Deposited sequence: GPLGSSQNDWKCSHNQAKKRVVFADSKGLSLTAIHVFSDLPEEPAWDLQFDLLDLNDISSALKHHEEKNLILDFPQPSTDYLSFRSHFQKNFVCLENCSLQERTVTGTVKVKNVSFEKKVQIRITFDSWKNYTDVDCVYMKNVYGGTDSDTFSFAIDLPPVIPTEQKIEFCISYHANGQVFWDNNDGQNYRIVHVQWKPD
């Protein structure tokens, strides 16, 4: 297959229209075929991309997801927490089956020399299962235990979602 212009085979090259109500149809989408030739992705922008709303969530809930990347089929990230006591427990609560089950991954303290003495930041890394059926949902949220209380980042009630293939 190879490019050829309409001039070359006798037809008009150009077709010019001079210028100066809605109608509805129903369509079977299998009768049109894909124009594209041919993994996992995050279904949310990193909360930290918009600092003002990240600050708003972080100061309202005392915990907020800071950064999150999907490295291979492993999800890795950083969580920010308000430094209310000395001992803390930061957990990622994640599901690979639309919340029929979940598991609690423990997060890790990061030295983080700069970042103030008002917040601390924790890391996490979670290996996704090798095979996940396509109809299942992958979602996760964040718990922060400190000072006799529990705090949650649940992304304003939608959870952080990850979508497949």
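Missing from the model, relative to the deposited sequence, are the ranges 1-18, 39-46, 65-68, 196-200.
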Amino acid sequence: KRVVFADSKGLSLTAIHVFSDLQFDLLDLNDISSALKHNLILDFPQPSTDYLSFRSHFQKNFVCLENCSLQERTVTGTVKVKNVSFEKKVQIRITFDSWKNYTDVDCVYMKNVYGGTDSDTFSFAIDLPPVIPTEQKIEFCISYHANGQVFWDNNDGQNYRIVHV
From here on, numbers count along this sequence of modelled residues.
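The stretch with the higher mean CA B factor, choosing between 48-56 and 105-113, is 105-113. For the two regions 96-104 and 130-138, the entry's Cα B-factors average higher over 130-138. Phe19 sits in the highest third of its chain by CA B factor, as recorded in the PDB entry. Among all modelled residues in this chain, the alpha-carbon of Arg73 has a temperature factor (C-alpha) in the highest third. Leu40 sits in the highest third of its chain by CA B factor, as recorded in the PDB entry.
Ranked within its chain, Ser8 lands in the highest third, by CA B factor from the PDB record.
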